[PDB]
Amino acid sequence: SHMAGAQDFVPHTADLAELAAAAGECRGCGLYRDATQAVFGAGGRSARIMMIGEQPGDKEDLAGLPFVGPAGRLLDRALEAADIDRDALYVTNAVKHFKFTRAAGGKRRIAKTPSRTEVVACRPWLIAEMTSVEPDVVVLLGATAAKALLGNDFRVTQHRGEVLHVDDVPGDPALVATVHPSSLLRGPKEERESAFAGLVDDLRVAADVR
């Protein structure tokens, strides 16, 4: 069967503060139990560009805000190269509770890919955030966020660098699917620098869309 997920837990408000506090009470999937807190979005409803990642990392889970670690610094590098003010954005994630595993002698917490069940469970919060902010443009950072709004069969590589519209997205924002900043953290340097430049292209396009 198709799950209710977080729908039981989303209060009937468009206020981003009330939603974030309510999200700390969510039991829409299993991820609230081990995590410290919900990591809701950052920014205000006046934003015209919304950005969506995959899930919190270790430091996100401690801070309670998205993109505060290494991936967030690289994101800030990309936004600066695209002439975008981070505080003019609404930045969030498809999944709001840190999914992780502990380990014998490892890093304290190691992030684990959310399952599609968890992504669909958490999606009502994303819908609430888009209803709250009414973005004109939505940047989808990486495969998980893209599939969160475009469906489980969406392939980012098939649509890189296109401005899309979908039928189920509230307010009918333009959509730009692109690379996740964490992807620029490892790999061959050449590929990483060209990918960073491509991210910058997708951001400049997004900041230009009307």
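Throughout, we count residues from 1 along the sequence that is shown.
Visitor: So which stretch wins on mean C-alpha B-factor, 165-173 or 34-42?
Guide: On average, C-alpha B-factors are higher across 165-173.
Visitor: Test of understanding: from the entry's C-alpha B-factors, which stretch has the higher mean, 67-75 or 113-121?
Guide: According to the entry, 67-75 carries the higher average C-alpha B-factor.
Visitor: For the listed residues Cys26, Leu141, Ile49, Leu185, which one has the largest C-alpha B-factor as given in the deposited model?
Guide: Each of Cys26, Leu141, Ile49, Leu185 was compared by C-alpha B-factor; the highest is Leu185.
Visitor: Lowest, middle or highest third: where is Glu129 by Cα B-factor in its chain?
Guide: It falls in the bottom third of the chain.
Visitor: Rank-wise, by C-alpha B-factor, drop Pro56 into the lowest, middle or highest third of its chain.
Guide: According to the entry, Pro56 has a C-alpha B-factor in the chain's lowest third.
Visitor: Once the chain's modelled residues are ordered by C-alpha B factor and cut into thirds, is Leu203 in the lowest, middle or highest one?
Guide: As the PDB entry reports it, the C-alpha B-factor of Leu203 lands in the middle third of its chain.
Visitor: Within this chain's modelled residues, let me know which third the CA B factor of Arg102 belongs to: lowest, middle or highest.
Guide: Middle third, going by the recorded CA B-factors of the chain.
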